[PDB]
Amino acid sequence: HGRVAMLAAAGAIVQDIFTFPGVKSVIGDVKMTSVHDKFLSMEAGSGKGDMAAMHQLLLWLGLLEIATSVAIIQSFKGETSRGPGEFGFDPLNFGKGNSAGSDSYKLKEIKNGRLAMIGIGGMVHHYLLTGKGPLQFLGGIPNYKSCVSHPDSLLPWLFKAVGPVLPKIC
Amino acid sequence: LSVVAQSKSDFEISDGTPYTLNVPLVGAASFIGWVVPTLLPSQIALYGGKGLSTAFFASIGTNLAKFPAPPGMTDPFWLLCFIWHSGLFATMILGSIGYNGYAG
Amino acid sequence: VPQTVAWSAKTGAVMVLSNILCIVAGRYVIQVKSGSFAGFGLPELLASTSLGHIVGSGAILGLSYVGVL
Amino acid sequence: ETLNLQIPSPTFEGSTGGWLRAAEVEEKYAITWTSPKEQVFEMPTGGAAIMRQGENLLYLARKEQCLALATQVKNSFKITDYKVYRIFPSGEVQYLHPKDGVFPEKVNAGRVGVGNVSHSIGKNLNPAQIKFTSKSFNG
Amino acid sequence: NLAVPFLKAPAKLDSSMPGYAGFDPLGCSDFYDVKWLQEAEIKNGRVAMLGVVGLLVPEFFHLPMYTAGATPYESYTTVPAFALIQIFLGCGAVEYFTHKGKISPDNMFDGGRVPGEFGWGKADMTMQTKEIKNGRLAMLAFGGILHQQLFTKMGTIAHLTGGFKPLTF
Amino acid sequence: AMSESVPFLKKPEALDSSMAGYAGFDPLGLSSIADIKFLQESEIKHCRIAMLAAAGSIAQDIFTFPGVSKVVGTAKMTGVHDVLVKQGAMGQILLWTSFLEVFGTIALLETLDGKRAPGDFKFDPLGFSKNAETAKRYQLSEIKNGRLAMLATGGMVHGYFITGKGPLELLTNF
Amino acid sequence: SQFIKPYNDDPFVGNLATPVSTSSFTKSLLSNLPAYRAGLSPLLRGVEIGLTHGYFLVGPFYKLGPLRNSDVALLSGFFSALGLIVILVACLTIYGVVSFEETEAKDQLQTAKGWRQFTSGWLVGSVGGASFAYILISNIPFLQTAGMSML
Ligand code: CLA
Ligand code: CLA
Ligand SMILES: CC1=C(C#C/C(C)=C/C=C/C(C)=C/C=C/C=C(C)/C=C/C=C(\C)C#CC2=C(C)C[C@@H](O)CC2(C)C)C(C)(C)C[C@H](O)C1
Ligand SMILES: CC1=C(C#C/C(C)=C/C=C/C(C)=C/C=C/C=C(C)/C=C/C=C(\C)C#CC2=C(C)C[C@@H](O)CC2(C)C)C(C)(C)C[C@H](O)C1
Ligand SMILES: CC1=C(C#C/C(C)=C/C=C/C(C)=C/C=C/C=C(C)/C=C/C=C(C)/C=C/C2=C(C)CCCC2(C)C)C(C)(C)C[C@H](O)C1
Ligand SMILES: CC1=C(C#C/C(C)=C/C=C/C(C)=C/C=C\C=C(C)\C=C\C=C(C)\C=C\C2=C(C)CCCC2(C)C)C(C)(C)C[C@H](O)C1
Ligand SMILES: CC1=CCCC(C)(C)[C@H]1/C=C/C(C)=C/C=C/C(C)=C/C=C/C=C(C)/C=C/C=C(C)/C=C/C1=C(C)CCCC1(C)C
Ligand SMILES: CC1=CCCC(C)(C)[C@H]1/C=C/C(C)=C/C=C/C(C)=C/C=C/C=C(C)/C=C/C=C(C)/C=C/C1=C(C)CCCC1(C)C
């Protein structure tokens, strides 16, 4: 949960800072979860189109996750001596001979991962109402004064109790 | 392929009796043995000038082109496939009997 | 209708062939009874020639059906 | 006297008619007998078995099954050498039949009569007479 | 053995036999008597060797009584079938004389006679091998020529010298 | 012990170091489902067919045999197969490959018996493997090239299914 | 060769050793099912069985229930499946009360403590599997139809 969140946090920030050549033309000006929705609209099965970004990410991540799943099963039943998260990925030496890493480093990974989980959750939720994205929301410390329009999420029922029960300032 | 024509895993058709299912040899030989006579062509509308095996293979190809849509009730796919499978099952059964039992 | 032919020496040829074929087969496969001069009797000869007229009739009719004649 | 657990069982290919979990948790019955031949008999629970020459031993779930087989061996193979036991899951083996070495249809000394009523059956007491009373209807 | 090297040696054949190449992939030699198999190979080869020339000769010279039939193979239809029956009966009668009452595998070789030998001559292994190998080639060639004449409907020599069209049916 | 390919995963027991092309890569443990010798022969047979196919696609783009163009004018890869099925060119190949596979079945039986090594038909006419030290390199190189060729063949045919031009034409004009 | 034999060498037990009953393939399936798999606590056995059963339960209620043609069909399908699961958990609970006397051991299903653990796992798993099926059907239009979205 931490590792994904860490990537997610940076990714949102980086997406605001700059985008790779040509992406802006196809997607348009959609910013965070909205880009996931837009890409899905233009991909087969999910929608009609000539794109496969979300599906390709899922296929390669899925192949990695099936292998890790076998590892999780083996560790759970005690067959393997591997500690949690120790997949051996230390290409640039940092642990000085062990990919597992020192206790100091693993503490840094765990605490940054927890912090990232909270931060990315905040960023997603802030995009849900302001529609500003991480950097723009940071610039606008007084917010709800100005709201950048955002297309509705694929799960839109959850954003229905804003107006009736909550104040609905936005 | 629970067990092939070899002493790999300790397979037991039942509680204490090991028995070599010859799934490669029986499946391959039954497939070929049934297919070569089945090639025999016939100028019948079901076959269309091909044999049963060739027409069955052609029917898979024509219905696979319309991949989501299933073959219709009057489509020749259902007759061709049922006869081909029935013959294949019969030659697999007879092949398993002959090879496993007579061993030669 | 499947096409049959009036009797000719070709029909006779098929019949003769089938009868002889079954006489030799009967010398081989009849389990209860000089390759043809041991134990060959009237019921064996009459059985192999009865199967000869069955195999021969089927062969004549089929070869007429497909065009071999 | 005690059941020799090592006696070889008659050859049998198995059946679904044999004993179930109640035999291994409540009680089982065993029968032994001597055969002069290696001959086929019918199992009370199913098909046919072959009794071995010498001593045979079976396990059945009911006492009636052991005695139905006993009746059969005596009637057809004239084997009167059969002993019927009850076996509890505690390991206790209880000899059953013939209870004192002599068949019940033959009289034996030292047998005490149980259940014998001194009058004829028409001399029993009416139900009303023994109502709200513990007294038995057999006089 | 030596012919199909990724398979075992048959171990029912040896170089003593005239045409040994170690070629028995299906293991037929184990299933049936080698003496019968050798007899069958030489006999089938002899008939096929006669057959190949039998296909070639009518195209040039044919007997006056019989009709050409438009193909050496097709001629069987044109000729009287009583002729064909006389050939069938004659071959069987010759077989009964040559094999003296032996029409079955047990009866054959009872006398100790070698399969190829019918008493015409005794030969060297070099000579015997030559006979078997020509016969083997002839059997395959007979199948090729018969189908060529059947599909083309034209003679072998005419097709070789002329169009040489691919056999099509 | 751990798999060399996937460090986190335990080493697949059915696989052994001696086997050519072994990297410890069997995450799903499919070697337990079926005999390893059967799978080893299956992998090499797929490898050899794939290698031929990939080379064929490159060669077919580079040049065509004399008179082939008249029968097939514009078809490039999978397209030539349909017209040549009616021409009987594919039919003839099928017949002869099937004929070889009949003896292949007997070879497969010998492998399962354990006398025969998987994938060995003793076809080394030029004596390349005579040294026995060049043999180990050759066995490995065959397995590796065939694995790449399977990926290559699928990659090329799928490129043709999108841009119908063949692998070399796709490289020149995308 | 003979494929049918007495059960566990005993000719007089009420069972036979048939290929369906005692083949290597059958032994592998039975031994690896959560009910019989070694190294599993009774609670984990309950969780795995519960996830499987709760997941398939949602589908028949949703597609064939009284509110199937309504736009609230999936919500009705989840609630009816959950209602069935609540009844089934009560069936498990009452069975545990009568069948097993109280003892210290808790590592086996056929113990009072173990059966209680199985019920706890089955309840959580059934709710979790029914919930997972609900999320998947709610979001993916292929599952809402029988695959009929493609035609
Ligand atoms: C459908 C195909 C077919 C048929 C008809 C036969 C028939 C036969 N096989 Mg063969 N066999 C087959 C496929 C077949 N086999 C294959 C695929 C293999 C390889 C794996 C073998 C390998 C094999 C060996 C190794 C041996 C045989 C033997 C035999 C004979 C007796 C044993 C037997 O199987 O009893 C079958 C009995 C009969 C077929 C006759 C009974 C008549 C009834 C009507 C049976 C009909 C069944 C069914 C409806 C027919 C379907 C035909 C078609 C529509 C599929 C018998 C002639 C043995 C033998 O005698 O050696 C020569 C022997 O040693 N077979
Ligand atoms: C009356 C005729 C007759 C008789 C009794 C024999 C007897 C014999 N022949 Mg000879 N043969 C004959 C005619 C005959 N032949 C003719 C006309 C030919 C064609 C030139 C041959 C070609 C021939 C060859 C090539 C071989 C024999 C062999 C044999 C021996 C074993 C097989 C057998 O018993 O014959 C059974 C056969 C017949 C009685 C007549 C066969 C005539 C041909 C083959 C027509 C076949 C029709 C068709 C293919 C059958 C289809 C069956 C089924 C589909 C219905 C035996 C000594 C074999 C051997 O080992 O010899 C020692 C052997 O290799 N024969
Ligand atoms: C492991 C390994 C490798 C590697 C690697 C990699 C790729 C490592 C990547 C690490 C990363 C990307 C870590 C990022 C963590 C993010 C955090 C802690 C921030 C959370 C956000 C917060 C608190 C916030 C907020 C906010 C709120 C909600 C409102 C928003 O409007 C705005 C705001 C931002 C103000 C390598 C290859 C180097 C080799 C090596 O041998 C081993
Ligand atoms: C027994 C013995 C002696 C003797 C004797 C006798 C009777 C000897 C007779 C021997 C004979 C008749 C031999 C015939 C061989 C034919 C062969 C090898 C095939 C050739 C054709 C090929 C390869 C081809 C082809 C073709 C194909 C398929 C397709 C076509 O489109 C093209 C083409 C034409 C090229 C005597 C009695 C003298 C004495 C001695 O004491 C014992
Ligand atoms: C891609 C996609 C989607 C998406 C998406 C995503 C990524 C959604 C993100 C969801 C997340 C990560 C929400 C975070 C919730 C964290 C909360 C409520 C507070 C936690 C910490 C607490 C309570 C601290 C407690 C405490 C503190 C103060 C310290 C003391 C102790 C302690 C008790 C620990 C959608 C849904 C938009 C759909 C759309 O189609 C596209
Ligand atoms: C495991 C692993 C990885 C990986 C990976 C992956 C996902 C590899 C994927 C490989 C795949 C999916 C290959 C697919 C197909 C091969 C084909 C279709 C050959 C087809 C022949 C055809 C279609 C002819 C068809 C036809 C003919 C001509 C006749 C007419 C009809 C027609 C149907 C057109 C990495 C990348 C992480 C690396 C890592 O180190 C290990
Ligand atoms: C009309 C007529 C008249 C009277 C009635 C009748 C008798 C019924 C009828 C006769 C009809 C007749 C006479 C019919 C005769 C028909 C004949 C002789 C057919 C020949 C077939 C030979 C083939 C298919 C060769 C196959 C070679 C292969 C598979 C490969 C071999 C290979 C191997 C083994 C090893 C090396 C590699 C190679 C070399 C490639
Ligand atoms: C196929 C086939 C072919 C051959 C013959 C055959 C074998 C008979 C036949 C098989 C047929 C059969 C019978 C196939 C049967 C297949 C079945 C019933 C599969 C059940 C799968 C259950 C799943 C994925 C549950 C997932 C729950 C999750 C992820 C938890 C989620 C939750 C938790 C608690 C965590 C928090 C979030 C939430 C969401 C709340």
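Preceding this section is the structure that the text describes.
Residues numbered from 1 in each chain as written, not as in the entry; some residues may be left out. Chains lettered and ligands numbered in written order. Part of a larger assembly, values for the part shown. Heavy atoms only, no water. Residues with missing side-chain atoms left out of burial classes, pairs and counts.

### Some remarks on the overall build of chain A
The helix and strand tally for chain A stands at six helices and zero strands. Reading the secondary structure of chain A in the N-to-C direction produces α-α-α-α-α-α. In summary, chain A has a C-alpha radius of gyration of 20 Å against a globular reference of 15 Å for 170 residues, an excess of more than 25%. Within chain A, residue pairs in contact and separated by at least 24 positions form 45% of the contacts whose partners lie at least 6 positions apart. (Helix = DSSP H or I, 4+ residues; strand = E, 2+ residues; numbered from the N terminus. Rg over C-alpha atoms; globule rule 2.2 N^0.38 Å. Contact = heavy atoms within 4.5 Å.)

### Observations concerning helix 4 (residues 73–99) of chain G
For helix 4 of chain G, which comprises 27 residues, the first-to-last C-alpha distance of 39 Å matches the rise-based estimate of 39 Å (1.5 Å per residue) to within 8%. Against the buried residues of helix 4 of chain G lie helix 3 (42–64) and helix 5 (112–139) of chain G. (Expected span 1.5 Å × (residues − 1).)

### Some remarks on the coordination of the magnesium atom of ligand 2
When only protein atoms are considered, the magnesium atom of ligand 2 has one donor, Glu95 of chain E (OE), at a distance of 2.1 Å. Summarising the element assignment, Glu95 of chain E is placed in helix 4 (residues 81–98). (Donors = N, O, S within 2.8 Å, 3.2 Å for Na, K, Ca; no water.)

### Some thoughts on the site of ligand 2
Near ligand 2 you find 18 residues, and of these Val24 of chain C together with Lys43, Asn44, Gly92 and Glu95 of chain E are the closest. Between ligand 2 and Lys43 of chain E, the relevant distance is 3.3 Å, taken from an oxygen atom to a side-chain nitrogen or oxygen of the residue. Between ligand 2 and the protein, one listed contact pairs a nitrogen atom with a side-chain N or O atom of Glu95 of chain E at 2.8 Å. Contributions of two or more residues to the shell around ligand 2 are made by helix 1 (9–29) of chain C together with helix 2 (34–60) and helix 4 of chain E. Ranked by residues supplied to the shell around ligand 2, first place goes to helix 2 of chain E with six residues. (Near = heavy atom within 4 Å. Polar contact = N/O pair within 3.5 Å; in protein donor to acceptor, adjacent residues only side chain to side chain.)

### Section: the interface of chain E and chain C
The interface of chain E with chain C comprises 15 residues on the first partner and 12 residues on the second. Regarding the contact of chain E and chain C, the summed buried area is about 1000 Å², with carbon and sulfur atoms giving 69% of it. Counting the contacts that link chain E with chain C gives zero salt bridges. Of all elements in the fold, only helix 3 (75–78) and helix 4 of chain E reach the threshold of two or more residues within the side of chain E that touches chain C. With six residues, helix 4 of chain E is the single largest residue contributor to the side of chain E that touches chain C. The class makeup of the residues in the side of chain E that touches chain C is 11 nonpolar, four polar and no charged. (Buried area = accessible area lost by both parts, 1.4 Å probe. Salt bridge = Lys/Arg side-chain N within 4 Å of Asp/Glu carboxyl O. Nonpolar A, V, L, I, M, F, W, Y, C, P; charged D, E, K, R; others polar.)

### So, the site of ligand 6
Neighbouring ligand 6 are the residues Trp60 of chain A together with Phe25, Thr78, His81, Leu151, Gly154, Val157, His158 and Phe161 of chain F. Residues close to ligand 6 are split across chains A and F. Residue assignment for the shell around ligand 6 shows that the elements contributing at least two residues are helix 4 (78–87) and helix 6 (134–162) of chain F. Tallying contributions element by element places helix 6 of chain F first for the shell around ligand 6, with five residues. For the shell around ligand 6, a count of residues per class yields five nonpolar, four polar and no charged.

### As for the pattern of salt bridges
All names here are of chain G. For the structure shown, the criterion picks out 21 salt bridges over all chains. Between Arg37 and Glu48 there is a salt bridge, with the nearest N and O atoms lying 2.6 Å from each other. Note that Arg37 is positioned in the loop between helix 2 (24–32) and helix 3 and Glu48 in helix 3, a separation of 11 residues in sequence. One salt bridge connects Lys113 with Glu102, and the closest N-O pair in it is separated by 3.4 Å. Of this pair, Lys113 sits in helix 5 while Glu102 sits in the loop between helix 4 and helix 5, and the two are 11 residues apart along the sequence.

### So, the pairing of strand 4 (residues 54–60) of chain D
Consecutive side chains of a regular strand alternate in pointing toward one face of the sheet and then the other. All names here are of chain D. The buried fraction of strand 4 amounts to five of the seven residues, a majority that puts the element mostly inside the structure. Of the strand pairs in this sheet, strand 1 (residues 28–35) and strand 4 are connected by seven bridges, and their pairing is antiparallel. In the strand pairing of strand 4, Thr34 is matched with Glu55. (Buried < 20%, exposed > 50% of the residue type's maximum accessible area, 1.4 Å probe, protein only. Pairing = 2+ DSSP bridges.)

### Some remarks on unusual backbone geometry
Trans is the common state for peptide bonds, and a negative phi is the common state for residues other than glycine. Cis geometry is found at the peptide bond from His97 of chain D to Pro98 of chain D, where omega equals -5°. Relative to the assigned elements, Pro98 of chain D resides in the segment after strand 6 (93–97). Backbone geometry at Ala70 of chain E places phi at a positive 80°, although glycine is not the residue there. Relative to the elements of secondary structure, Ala70 of chain E occurs in the loop between helix 2 and helix 3.

### Points about the pairing of strand 6 of chain D
Residues and elements named next belong to chain D. With four bridges joining them, strand 5 (residues 83–87) and strand 6 adopt antiparallel strand pairing. When the sheet's bridge partners are listed, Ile87 is paired in strand 6 with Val93. The hairpin formed by strand 5 and strand 6 contains five residues between the paired strands, and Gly91 there has a positive phi angle of roughly 95°.

### A look at the interface of chain B and chain G
If you look at the interface, chain B gives 13 residues, while chain G gives 15 residues. Both faces combined, the contact of chain B with chain G buries some 980 Å², and carbon together with sulfur accounts for 61% of it. A per-residue breakdown of the area chain B buries against chain G is headed by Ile13, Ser14 and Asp15 of chain B, which together make up 47% of the total. A salt bridge links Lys27 of chain G to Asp15 of chain B; the nearest nitrogen and oxygen atoms lie 3.5 Å apart. In this structure, the connection of chain B to chain G is made through five residue pairs in polar contact.

### Digging into the side chain of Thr22 of chain G
Within the fold, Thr22 of chain G resides in helix 1 (residues 19–22). A distance of 3.3 Å separates the side chain of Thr22 of chain G from the backbone nitrogen of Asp15 of chain B, its partner in a polar contact. In this view, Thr22 of chain G contacts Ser14 and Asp15 of chain B together with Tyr7, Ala17 and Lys27 of chain G; residues no more than four positions away in its chain are not counted.

### Side note on the nonpolar core
Among the nonpolar cores identified, the biggest contains 31 residues, and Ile31, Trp33, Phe41, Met43, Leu58 and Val73 of chain D are the most heavily contacted of them. Counting residues per element, the ones that place at least two in this core are strand 1, strand 3 (48–51), strand 4, helix 2 (63–77), strand 5 and strand 6 of chain D. Tallying contributions element by element places helix 2 of chain D first for this core, with five residues. In this view, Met43 of chain D contacts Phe12, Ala49, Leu58 and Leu60 of chain D together with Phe12 of chain G; residues no more than four positions away in its chain are not counted. (Core = buried A, V, L, I, M, F, W, Y, C linked by side-chain atoms within 4.5 Å.)

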